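Trainee: Here it is, the structure, as structure tokens.
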Amino acid sequence: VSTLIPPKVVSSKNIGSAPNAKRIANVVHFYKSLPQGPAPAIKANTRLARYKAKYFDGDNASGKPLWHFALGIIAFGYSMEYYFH
Amino acid sequence: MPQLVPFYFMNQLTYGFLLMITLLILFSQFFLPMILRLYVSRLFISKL
């Protein structure tokens, strides 16, 4: 008989609920959390970003840069021994 | 030799106390809060 039934006026399940707080958070916070970032530095001809590219990539964890840096200093004081004497 | 047997202690000590103050400020203001920044950024993402 009756045509009076809940769905005609719904006006508070079409609004309220807790995940809205999370929703509005991640449209503002995460749209500017760019997918690749702003492409962070790791190379360039600044004469020391090139150093970073061969040795200090976040991938490298090999003993090669350590050795490379060490060998210069061995040559430094030994030559300087002959520069002072 | 004199360079490997310094008696240059006052000259040296000037350079010594300067280096400590330089590193102290440098860490404190630049590199240390940038490490807490990494932690916090990861954690704030963790929150959302």
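Just remember, in the structure tokens the first chain shown is A, the second B, etc., residues are 1-based per chain, and ligands are 1-based in the order shown.
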Go through chain A residue by residue and, counting only C-alpha atoms, keep those with an atom at most 12 Å from chain B; for each kept residue give the shortest atom pair and its distance in Å to one decimal, ordered by chain and increasing number, as JSON lines.
Mentor:
```
{"residue": "A:19", "atom": "CA", "partner": "B:48", "partner_atom": "CA", "distance": 11.6}
{"residue": "A:21", "atom": "CA", "partner": "B:48", "partner_atom": "CA", "distance": 10.3}
{"residue": "A:22", "atom": "CA", "partner": "B:48", "partner_atom": "CA", "distance": 7.3}
{"residue": "A:23", "atom": "CA", "partner": "B:48", "partner_atom": "CA", "distance": 9.8}
{"residue": "A:24", "atom": "CA", "partner": "B:48", "partner_atom": "CA", "distance": 10.8}
{"residue": "A:25", "atom": "CA", "partner": "B:48", "partner_atom": "CA", "distance": 7.6}
{"residue": "A:26", "atom": "CA", "partner": "B:48", "partner_atom": "CA", "distance": 7.3}
{"residue": "A:27", "atom": "CA", "partner": "B:48", "partner_atom": "CA", "distance": 11.1}
{"residue": "A:28", "atom": "CA", "partner": "B:48", "partner_atom": "CA", "distance": 11.3}
{"residue": "A:29", "atom": "CA", "partner": "B:48", "partner_atom": "CA", "distance": 8.7}
{"residue": "A:30", "atom": "CA", "partner": "B:45", "partner_atom": "CA", "distance": 9.5}
{"residue": "A:33", "atom": "CA", "partner": "B:45", "partner_atom": "CA", "distance": 10.1}
{"residue": "A:77", "atom": "CA", "partner": "B:4", "partner_atom": "CA", "distance": 11.1}
{"residue": "A:80", "atom": "CA", "partner": "B:3", "partner_atom": "CA", "distance": 10.7}
{"residue": "A:81", "atom": "CA", "partner": "B:1", "partner_atom": "CA", "distance": 10.0}
{"residue": "A:83", "atom": "CA", "partner": "B:3", "partner_atom": "CA", "distance": 11.6}
{"residue": "A:84", "atom": "CA", "partner": "B:1", "partner_atom": "CA", "distance": 8.2}
{"residue": "A:85", "atom": "CA", "partner": "B:1", "partner_atom": "CA", "distance": 8.7}
```
Trainee: Take the residues from that selection and write them out as a PDB file, in the first residue's frame, keeping N, CA, C and O atoms.
Mentor:
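The resulting file, part34.pdb, is reproduced below:
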```pdb
ATOM      1  N   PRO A  19      35.812   7.950   6.942  1.00  0.00           N
ATOM      2  CA  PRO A  19      36.916   7.954   5.978  1.00  0.00           C
ATOM      3  C   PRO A  19      37.048   9.220   5.178  1.00  0.00           C
ATOM      4  O   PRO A  19      37.997   9.318   4.403  1.00  0.00           O
ATOM      5  N   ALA A  21      37.741  12.131   6.461  1.00  0.00           N
ATOM      6  CA  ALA A  21      38.909  12.783   7.012  1.00  0.00           C
ATOM      7  C   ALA A  21      40.178  12.326   6.331  1.00  0.00           C
ATOM      8  O   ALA A  21      41.024  13.144   5.979  1.00  0.00           O
ATOM      9  N   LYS A  22      40.302  11.000   6.081  1.00  0.00           N
ATOM     10  CA  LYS A  22      41.405  10.410   5.355  1.00  0.00           C
ATOM     11  C   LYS A  22      41.408  10.798   3.898  1.00  0.00           C
ATOM     12  O   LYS A  22      42.466  10.994   3.301  1.00  0.00           O
ATOM     13  N   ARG A  23      40.200  10.876   3.290  1.00  0.00           N
ATOM     14  CA  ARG A  23      39.977  11.205   1.902  1.00  0.00           C
ATOM     15  C   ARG A  23      40.499  12.567   1.547  1.00  0.00           C
ATOM     16  O   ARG A  23      41.268  12.715   0.599  1.00  0.00           O
ATOM     17  N   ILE A  24      40.096  13.595   2.331  1.00  0.00           N
ATOM     18  CA  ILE A  24      40.427  14.977   2.070  1.00  0.00           C
ATOM     19  C   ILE A  24      41.862  15.242   2.422  1.00  0.00           C
ATOM     20  O   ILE A  24      42.463  16.198   1.936  1.00  0.00           O
ATOM     21  N   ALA A  25      42.450  14.379   3.279  1.00  0.00           N
ATOM     22  CA  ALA A  25      43.842  14.443   3.610  1.00  0.00           C
ATOM     23  C   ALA A  25      44.692  14.089   2.422  1.00  0.00           C
ATOM     24  O   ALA A  25      45.660  14.789   2.156  1.00  0.00           O
ATOM     25  N   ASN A  26      44.366  12.999   1.683  1.00  0.00           N
ATOM     26  CA  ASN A  26      45.270  12.468   0.681  1.00  0.00           C
ATOM     27  C   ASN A  26      45.060  13.069  -0.688  1.00  0.00           C
ATOM     28  O   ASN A  26      45.831  12.777  -1.599  1.00  0.00           O
ATOM     29  N   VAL A  27      44.017  13.907  -0.899  1.00  0.00           N
ATOM     30  CA  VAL A  27      43.943  14.693  -2.110  1.00  0.00           C
ATOM     31  C   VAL A  27      44.838  15.899  -2.024  1.00  0.00           C
ATOM     32  O   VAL A  27      45.349  16.345  -3.047  1.00  0.00           O
ATOM     33  N   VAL A  28      45.011  16.477  -0.810  1.00  0.00           N
ATOM     34  CA  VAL A  28      45.830  17.651  -0.625  1.00  0.00           C
ATOM     35  C   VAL A  28      47.254  17.252  -0.369  1.00  0.00           C
ATOM     36  O   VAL A  28      48.179  17.893  -0.856  1.00  0.00           O
ATOM     37  N   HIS A  29      47.480  16.180   0.416  1.00  0.00           N
ATOM     38  CA  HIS A  29      48.818  15.828   0.821  1.00  0.00           C
ATOM     39  C   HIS A  29      49.490  15.097  -0.298  1.00  0.00           C
ATOM     40  O   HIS A  29      50.695  15.239  -0.495  1.00  0.00           O
ATOM     41  N   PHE A  30      48.697  14.351  -1.102  1.00  0.00           N
ATOM     42  CA  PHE A  30      49.265  13.433  -2.043  1.00  0.00           C
ATOM     43  C   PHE A  30      48.634  13.703  -3.366  1.00  0.00           C
ATOM     44  O   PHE A  30      47.730  13.007  -3.814  1.00  0.00           O
ATOM     45  N   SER A  33      53.089  14.929  -3.903  1.00  0.00           N
ATOM     46  CA  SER A  33      54.074  13.946  -3.544  1.00  0.00           C
ATOM     47  C   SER A  33      54.416  13.261  -4.839  1.00  0.00           C
ATOM     48  O   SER A  33      54.237  12.055  -4.973  1.00  0.00           O
ATOM     49  N   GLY A  77     101.055  11.861   1.053  1.00  0.00           N
ATOM     50  CA  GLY A  77     102.087  12.001   2.041  1.00  0.00           C
ATOM     51  C   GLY A  77     103.413  11.463   1.578  1.00  0.00           C
ATOM     52  O   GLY A  77     104.451  11.931   2.030  1.00  0.00           O
ATOM     53  N   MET A  80     104.837  14.076  -0.607  1.00  0.00           N
ATOM     54  CA  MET A  80     105.104  15.186   0.267  1.00  0.00           C
ATOM     55  C   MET A  80     106.299  14.948   1.126  1.00  0.00           C
ATOM     56  O   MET A  80     106.944  15.899   1.551  1.00  0.00           O
ATOM     57  N   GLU A  81     106.626  13.665   1.410  1.00  0.00           N
ATOM     58  CA  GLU A  81     107.878  13.264   2.000  1.00  0.00           C
ATOM     59  C   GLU A  81     109.007  13.690   1.117  1.00  0.00           C
ATOM     60  O   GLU A  81     109.973  14.278   1.586  1.00  0.00           O
ATOM     61  N   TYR A  83     108.622  16.080  -1.104  1.00  0.00           N
ATOM     62  CA  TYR A  83     108.525  17.516  -1.262  1.00  0.00           C
ATOM     63  C   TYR A  83     109.187  18.220  -0.110  1.00  0.00           C
ATOM     64  O   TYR A  83     109.661  19.343  -0.265  1.00  0.00           O
ATOM     65  N   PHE A  84     109.291  17.546   1.055  1.00  0.00           N
ATOM     66  CA  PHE A  84     109.905  18.126   2.222  1.00  0.00           C
ATOM     67  C   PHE A  84     111.304  17.600   2.376  1.00  0.00           C
ATOM     68  O   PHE A  84     112.038  18.076   3.241  1.00  0.00           O
ATOM     69  N   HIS A  85     111.726  16.635   1.527  1.00  0.00           N
ATOM     70  CA  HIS A  85     112.961  15.929   1.754  1.00  0.00           C
ATOM     71  C   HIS A  85     113.152  15.055   0.505  1.00  0.00           C
ATOM     72  O   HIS A  85     113.412  15.643  -0.578  1.00  0.00           O
TER      73      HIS A  85
END
```
Trainee: Out of A:6, A:56, A:1, A:13, which residue has the shortest atom-to-atom distance to residue A:69 when counting only C-alpha atoms?
Mentor: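 Nearest to residue A:69: A:56.
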Trainee: One number please: atom CA of residue A:51 to atom CA of residue B:34, in Å, one decimal.
Mentor: 22.0 Å
Trainee: Among chain A, which ones does DSSP assign to strand (DSSP E) (computed from the backbone)? Answer as a list in words.
Mentor: residues 35, 36, 37 and 38 of chain A
